[PDB]
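So the structure is just underneath, and the comments pick up after that.
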Amino acid sequence: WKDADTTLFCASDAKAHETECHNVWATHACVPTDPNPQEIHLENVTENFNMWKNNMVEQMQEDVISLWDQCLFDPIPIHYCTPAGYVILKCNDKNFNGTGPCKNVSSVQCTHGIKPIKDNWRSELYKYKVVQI
Amino acid sequence: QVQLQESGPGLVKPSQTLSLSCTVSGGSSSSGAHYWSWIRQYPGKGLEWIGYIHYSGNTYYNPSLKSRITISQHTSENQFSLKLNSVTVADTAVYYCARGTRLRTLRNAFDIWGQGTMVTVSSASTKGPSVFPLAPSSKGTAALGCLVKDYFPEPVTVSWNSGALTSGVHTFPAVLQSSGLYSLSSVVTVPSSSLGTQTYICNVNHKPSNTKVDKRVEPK
Amino acid sequence: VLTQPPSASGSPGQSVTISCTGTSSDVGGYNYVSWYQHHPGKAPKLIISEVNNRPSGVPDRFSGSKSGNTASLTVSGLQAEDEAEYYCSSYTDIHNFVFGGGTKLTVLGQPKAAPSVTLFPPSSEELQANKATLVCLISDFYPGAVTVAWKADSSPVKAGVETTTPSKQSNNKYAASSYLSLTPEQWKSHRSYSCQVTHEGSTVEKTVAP
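Protein chains in written order, with the entry's author numbering: chain G, 45 to 116, 210 to 253, 475 to 491; chain H, 1 to 35, 35A to 35B, 36 to 82, 82A to 82C, 83 to 100, 100A to 100E, 101 to 129, 134 to 214; chain L, 4 to 27, 27A to 27C, 28 to 95, 95A, 96 to 106, 106A, 107 to 208.
Structure, rendered in structure tokens:
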């Protein structure tokens, strides 16, 4: 793979039928969540992450803009995912801080379900990285 | 690379049930978080969203189709399909399949389209045309024609004075009436210098019904 | 359900703008307006997405916008390859979409010409055979983008009407045809019959009587 930058999409379990502010945004912005995502253990290999250079903390926050844009009470989980030809590498190291080496990586299709401030995103982002197949 | 190929019938009888199939080929189908949509263009008019279905199996039809409609998927053979019921001549259109995206910067747009496939609704079995003339007079240039009305199916061929007269000639696209029958015009502009003098004949030709009509066109 | 103008023209080099009027729940309720370029017999190309976003491989010179409920697409610096038909769509409500009628962008390659309207009455032969059709012939005009309407006496009609889409002549100019079918009683009950064609804000109108 190459470590690269691409246009992501969002997915949620939002209800089409109802008025809670960003249920309303998500129904017009995101797709439904697949109840069984893929999680593939990296055998053996290690890669270098950098929460500070992650252009998922660059597209997130632009969707948070359009969220409030039309917004004006409970948040639900939103997932961020990659298109064909790309995939998300996830760091499973427990004393990982955000940067440097990470021996236990795995690949995921979408991120975890995120409660909704760049720093609040990075509080959960840290372990995610995009590469191109 | 990912293109969309629509297959299906050209003709269907009224009250029946059109069903078209679209084959993805690049390229994902099931694989992606896109939406797989059906859109028809009434040539001119003219453009209308039918519905789509998501990789998760979620269907979203147009509200104005009171249960005349279902859409479904073959995760397997990377293809999907629409089944439109109880069709009338109204449903005559070009049908495009298209990929709807919910990526950011492309949200609720249709990035990939299909080249389109023409679908015609009509009861009619093969019928030969009625060739009616369109006369000039002084009611310099004059202009006269042949109305080739009520035939099926297409095509029809016109030519004036056995192909000798080519200059000033124009034949129109055929036009499907609510009946289910076609109709077209052929017309030529001329030196009215020669209306009592030069004879003018259109040579209609309808191979489907093995009919050939040659109509005299003259003044008053 | 959205509203565009039929034609829109400019000469090579110039800049052209195209409206697309909606309602507060169509456009102006969502930032999901799209624009599609459709060359004939070919698959439509998406060119603007989410109001003003050029996809990859779409030139710098196409641009979107919306004021209130009227989205708008601009083409800066025309070239021959831009001559096509352009549609706009907007998301609307829980999963639904609306389109405009389409706009013919003609990149002017020759003098504009107003349409010549010849309106043939039903022939003897056809009348004697029970039926009657009025043939509007529209000829020698440019750009190739018109609109026809019919009138009985001076009342508008759309029952029993079919129309050609503008087609090129041997002299690189455009032609089109509209038909009005009716029973001969309808023909000689009404005082007169009018075919009127709108070509770029002008409106020519021929009339025949029994």
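All C-beta atoms in this analysis are idealised placements derived from N, C-alpha and C, irrespective of residue type, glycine included.
- Is the stretch 8 to 24 of chain L touching the stretch 70 to 85 of chain L in the sense that three or more CB pairs, one from each, lie closer than 8 Å? By the Cβ criterion, the stretch 70 to 85 of chain L is in contact with the stretch 8 to 24 of chain L, since at least three pairs of Cβ atoms, one from each stretch, lie closer than 8 Å.
- Closer than 7 Å to chain H by CB, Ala221/G: Flagged as an interface residue toward chain H: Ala221/G, by a C-beta distance shorter than 7 Å.
- Query: How would you list, in chain order, the residues of chain L whose beta-carbon sits under 9 Å from the beta-carbon of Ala55/G?
  - Reply: Within 9 Å Cβ-Cβ: nothing; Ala55/G doesn't reach chain L, min ~15 Å.
- Message: Quick check: does the Cβ of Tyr86/L come within less than 6 Å of any heavy atom belonging to the ligand SAH?
- Response: Annotation note on the ligand SAH: not contained in the displayed structure, which lists no ligands.
- Counting pairs of beta carbons, one from the stretch 28 to 45 of chain L and one from the stretch 191 to 211 of chain H, are three or more of them closer than 8 Å? Short answer: they don't touch.
- Message: Let's see if you can read the secondary structure: which residues bound the beta strand (DSSP E) around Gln490/G?
- Response: Run containing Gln490/G: 486 to 490, per the beta strand (DSSP E) assignment.
- Boundaries of the beta strand (DSSP E) in which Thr74/L is found, first to last residue: Taken as a continuous stretch (DSSP letters only), the beta strand (DSSP E) holding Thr74/L covers 70 to 76.
- Under 7 Å, do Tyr87/L and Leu45/H count as touching if we go by C-beta distance? A contact, by the Cβ cut-off of 7 Å.
- Task: Name the residue from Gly106/H, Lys143/H, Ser54/H whose alpha carbon lies nearest to the alpha carbon of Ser70/H.
- Result: Of the candidates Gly106/H, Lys143/H, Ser54/H, the one whose C-alpha sits nearest the C-alpha of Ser70/H is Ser54/H.
- Message: Let me check understanding here. Comparing Cα to Cα, which of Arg66/H, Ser30/H, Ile102/H lies closest to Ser34/L?
- Response: If we check each option's Cα against that of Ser34/L, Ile102/H comes out closest.
- Same chain, Cβ closer than 6 Å to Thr68/H, five either side skipped, listed in chain order: For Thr68/H, where only same-chain residues beyond five positions count, the Cβ hits under 6 Å are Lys81.
- When the Cβ atoms of the stretch 169 to 183 of chain L are set against those of the stretch 120 to 135 of chain L, are three or more pairs found closer than 8 Å? The way I'd put it, the stretch 169 to 183 of chain L does touch the stretch 120 to 135 of chain L; three or more beta-carbon pairs between them come closer than 8 Å.
- Pull up the distance between the alpha-carbon of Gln167/L and that of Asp107/G, whole angstroms please. Here the alpha carbon of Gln167/L sits roughly 51 Å from the alpha carbon of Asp107/G.
- Taking Cβ-Cβ distances below 7 Å as the criterion, which residues of the stretch 88 to 100 of chain H are in contact with chain G? Those residues of the stretch 88 to 100 of chain H that come within reach of chain G (Cβ to Cβ, closer than 7 Å) are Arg97, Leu98, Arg99, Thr100.
- Item | CA-to-CA distance, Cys193/L to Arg54/L, given in whole angstroms | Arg54/L and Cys193/L have their alpha carbons spaced roughly 42 Å apart.
- Query: Who are the near neighbours of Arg61/L in its chain, counting only those whose CB is closer than 7 Å to its CB and skipping five residues on each side?
  - Reply: Its chain contains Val75, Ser76, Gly77 as the residues whose beta carbon lies nearer than 7 Å to that of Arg61/L, once the 5 sequence neighbours on both sides are disregarded; these appear in chain order.
- Message: Starting from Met108/H, trace the beta strand (DSSP E) in both directions and tell me its first and last residue.
- Response: In the DSSP assignment, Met108/H falls within the unbroken beta strand (DSSP E) covering 107 to 111.
- Message: Determine, for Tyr145/H, whether the minimum Cβ-Cβ distance to residues of chain L falls below 7 Å.
- Response: Not one chain L Cβ lies under 7 Å of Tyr145/H.
- Message: Using only the alpha-carbon positions, how far apart do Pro220/G and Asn199/H sit?
- Response: Approximately 54 Å between the Cα atoms of the pair.
- Query: Okay, do the stretch 172 to 181 of chain H and the stretch 150 to 162 of chain H touch, 3+ Cβ pairs below 8 Å being the bar?
  - Reply: Yes, since at least three Cβ pairs between the stretch 172 to 181 of chain H and the stretch 150 to 162 of chain H fall closer than 8 Å, the two stretches touch.
- Message: Looking only at its chain, what residues have a beta carbon closer than 8 Å to the beta carbon of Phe233/G, apart from the 5 residues adjacent to it on each side?
- Response: Closer than 8 Å at the Cβ level, and outside the excluded window around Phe233/G, lie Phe93, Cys239, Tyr484, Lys485.
- Message: Looking at the secondary structure, which residues open and close the beta strand (DSSP E) in which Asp107/G lies?
- Response: Counting along the chain, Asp107/G falls outside any beta strand (DSSP E), though it belongs to the alpha helix (DSSP H) covering 104 to 115.
- Which residues in chain H sit within 9 Å of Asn69/L, going by Cβ to Cβ distance? Chain H residues near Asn69/L: none, gap ~17 Å exceeds 9 Å.
- Name the one or two DSSP bridge partners that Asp78/G has. Paired residue(s): none; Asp78/G is not in a bridge.
- Anything in chain H within Cβ reach of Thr163/L, meaning under 9 Å, just list it in chain order. Within 9 Å Cβ-Cβ: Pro41, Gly42, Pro167.
- Message: Given this structure, state the Cα-to-Cα distance separating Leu100A/H from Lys209/H, to the nearest angstrom.
- Response: Using only the alpha carbons, I get a separation of about 56 Å.
- To the nearest whole angstrom, what separates the beta carbons of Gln490/G and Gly235/G, a pair I think is in contact under 8 Å? Distance from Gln490/G to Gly235/G at the Cβ level is roughly 22 Å; contact not present, criterion being Cβ atoms closer than 8 Å.
- Is the CB-CB distance between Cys54/G and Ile215/G below 7 Å? Their beta carbons are under 7 Å apart, which means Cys54/G touches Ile215/G by this criterion.
- What residues in the stretch 43 to 55 of chain L bring their beta carbon closer than 7 Å to a beta carbon of chain G? Among the residues of the stretch 43 to 55 of chain L, none has a Cβ less than 7 Å away from any Cβ of chain G.
- Provide the residue span of the beta strand (DSSP E) that contains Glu83/G, from first to last. Note, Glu83/G: beta strand (DSSP E), 83 to 85.
- Task: Select from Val195/L, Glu198/L, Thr131/L, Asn95A/L the residue whose C-alpha is nearest the C-alpha of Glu183/L.
- Result: Comparing Cα positions, the closest option is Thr131/L.
- Rounded separation between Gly162/H and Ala112/L - CA only: Rounded to the nearest whole angstrom, the CA to CA distance from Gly162/H to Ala112/L is 18 Å.
- Task: Using a cut-off of 7 Å between C-beta atoms, extract the partners of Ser14/L located in chain H.
- Result: What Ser14/L touches in chain H: nothing, since even the nearest Cβ is about 26 Å away.
- Is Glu83/L helix, strand or coil when you go by DSSP? Here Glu83/L sits in coil by DSSP.
- Message: Nearest by alpha-carbon distance to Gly16/L: which of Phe96/L, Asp82/L, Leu5/L, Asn31/L is it?
- Response: It is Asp82/L.
- Message: Could you give the first and the last residue of the continuous beta strand (DSSP E) run that contains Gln39/H?
- Response: Where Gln39/H is concerned, the enclosing beta strand (DSSP E) stretches over 34 to 39.
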